[PDB]
Amino acid sequence: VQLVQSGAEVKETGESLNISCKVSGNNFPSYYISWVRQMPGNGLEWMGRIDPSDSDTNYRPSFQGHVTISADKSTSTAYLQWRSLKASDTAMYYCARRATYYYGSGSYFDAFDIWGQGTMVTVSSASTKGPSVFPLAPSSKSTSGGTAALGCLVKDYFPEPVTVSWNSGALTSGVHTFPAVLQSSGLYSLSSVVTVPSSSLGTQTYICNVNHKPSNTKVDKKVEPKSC
Amino acid sequence: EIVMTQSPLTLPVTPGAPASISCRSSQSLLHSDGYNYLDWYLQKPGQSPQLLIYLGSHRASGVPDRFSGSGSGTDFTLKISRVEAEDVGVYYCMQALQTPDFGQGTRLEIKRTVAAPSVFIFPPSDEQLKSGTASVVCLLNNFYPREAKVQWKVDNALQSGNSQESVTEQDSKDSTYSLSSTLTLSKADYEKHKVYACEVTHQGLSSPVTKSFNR
Amino acid sequence: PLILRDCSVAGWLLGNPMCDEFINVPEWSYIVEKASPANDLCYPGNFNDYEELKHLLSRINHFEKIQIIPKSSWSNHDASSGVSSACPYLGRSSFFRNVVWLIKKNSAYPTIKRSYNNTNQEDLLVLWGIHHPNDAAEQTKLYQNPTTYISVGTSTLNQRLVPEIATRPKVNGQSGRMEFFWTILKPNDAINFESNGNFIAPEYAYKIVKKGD
Ligand SMILES: *[C@@H]1O[C@H](CO[C@@H]2O[C@@H](C)[C@@H](O)[C@@H](O)[C@@H]2O)[C@@H](O[C@@H]2O[C@H](CO)[C@@H](O)[C@H](O)[C@H]2NC(C)=O)[C@H](O)[C@H]1NC(C)=O
């Protein structure tokens, strides 16, 4: 069983928003789905929960009123809904399943055992903007029998986030993908690097796969030694 | 609300050594069925929280047996018998007797040995120059500890208030950090100068290291 | 091997206290009752699909009672007051020992949502019941909520029951009735129980192995 959350979103203050959490499988048995907020850099806050089978709903009173929780029984999808967003709603939102069941010879299980991948909500007036991707080319004077570094610079996008892989997942060792920085333009920039043996700059192909879902931008940028 | 209090909030531990995280609740979590309704979650960098321990002392499936939870009433402890690189992240306890309340979270710091950065510098690409701006990037790779200083120089003039830097969390395999620093210039400006230099000072380096190219 | 002298298969499986329990024997091969058992359901009622169950249980080669949902797990429902002079144990009001007659607590019966997963490696025979009270005063006295249901699901079962409130001729002093049900959970299937009253909950269940296979 998986919890699949909907994609990241940007909206302006005062606009509506509805984000979803889909329980895969037949949802038997049906467990309560909780919504959890994580402010940027902060901890976890429980907001409420709902049993999709009957829409029984509990709210943390401090969140109730600003946000509503609902469910669709047939698809077994939970929702978190805002009528009028505020900037303080900018956060990561996780859903989680509270499996509660007896097993074996009367043993008991009670936990958030499955979590969704998170939905990032940005409340902002700036508009969506796909990134420009540029190469970080490996140096010509690399330690001829040592280690070289190459990467990608994912420049000027909004909102967060971007994903970056290398060679569509076949290159993971030595990868460092950095936290984005907010630039004074109000756009993000992020770099992702990899170190490889320098001898392999003449034999191997290196492609960084950048995805920016809010703008439907997919760019696979090859990175290679630059010719003189 | 049940106030959950974790100590310490930052937990530096020698690789391979045992570690212990304490979690106290403002009210007893022991239920009449005999269980303590207390969970531990781990959130690794960039990931969703994941279940470690449930009902106070029960280890979830697929969790390494190096992790265990103990305690009762208001006093609870997460123990890691041997701290591995892949354990870095923030650890949360959470009471589930009432509607959940999490503790503040405990950041685990792995005190691996000093490691000097490998420094690399990258000029802007011709493609980005066509668009009005030049980004120059300096990479400080796989170092420990986290404290590092980057100084940019353009034809030996100090660049100030310009670079923005980003730092990775402790690598899940060797517990080092990496750092990326980006210098920004207009294209016309960028084409006026020759020597772009990134100078790195770090405890693993006997004296600073400079990487440079010539436009 | 267990052949029953004083008890029906139904009464023994539920733990009718008027029946010899054989506390010293934890396992058996098969079970077969006799023609006119002296004790059947101490609290009167009906055991559903009884011939299919007896047919199945004569074909079993191993049989072992396990606790699956402890009685002490019930924290907002009364798990000790559900007794009756119809089911005496050493003379005192008691009940079938392998199920729990859940009663309201602090004048409330919150909705039960409980699941059990058969993580054993044998088939598990699970028993439960519903109480049909004699009148509306007894309905609220025992369960608070006047309008109630019992909902039971597995991968192949989808049962929803509403109690009937009706006065019946007294049997062992009781003008109410109970209806009992059973299913077999295959390894790794789950059973789900939901109720806001009249639910006779499992405590014990039976691991069973059928000959061969
Ligand atoms: C019924 O439970 C079994 C057992 O699951 C394990 O049991 C406990 C130890 C608990 O810690 C669970 O988290 C464990 O996963 C389930 O069978 C397992 O299902 C998982 C599916 O994610 C699978 O990875 C395992 O291989 C399965 N194990 C076996 C022996 O088959 C089963 O899914 C549960 N049934 C239902 C309907 O939920």
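When a ligand or atom number is given, it counts from 1 through the structure's own listing order. Quick note on labels: first sequence line is chain A, next is B, and so on, each numbered from 1.
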Less than 3.5 Å apart, which donor and acceptor atoms pair up between the side chains of residues 205-213 of chain C and the rest of the protein, not counting sequence neighbours?
from	atom 1	to	atom 2	distance (Å)
C/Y206	OH	C/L13	O	2.5
C/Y206	OH	C/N98	ND2	2.9

Between side-chain atoms of residues 50-64 of chain B and protein atoms elsewhere (two or more places apart, or another chain), which donor-acceptor pairs fall under 3.5 Å?
from	atom 1	to	atom 2	distance (Å)
B/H58	ND1	B/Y54	O	3.3
B/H58	ND1	B/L55	O	3.2
B/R59	NH1	B/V63	O	2.9

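Once rounded to the nearest 0.5 Å, the distance linking CD of C/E203 with CG of C/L127 reads 12.5 Å.
Between C/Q159 and C/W128 the shortest side-chain heavy-atom distance falls below 4.5 Å.
The ring pair (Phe, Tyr, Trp, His ring centres under 6.0 Å) contacts involving residues 26-63 of chain A comprise nothing, where partners must be two or more places apart or lie in separate chains.
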Please tabulate, line by line, the atom pairs linking an N/O of ligand 1 to a protein N/O at a distance below 3.5 Å, with the distance in Å to 0.1, or answer 'none'.
from	atom 1	to	atom 2	distance (Å)
ligand 1	2 (O)	C/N117	OD1	3.4
ligand 1	2 (O)	C/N117	ND2	2.2
ligand 1	35 (N)	C/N117	ND2	3.0
ligand 1	35 (N)	C/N188	O	2.9

Run the numbers on C/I68 and A/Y102 for side-chain contact (heavy atoms from CB on, under 4.5 Å), then give the verdict. CA-CA 7 Å; C/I68 55 164; A/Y102 294 81; over 6 Å; no

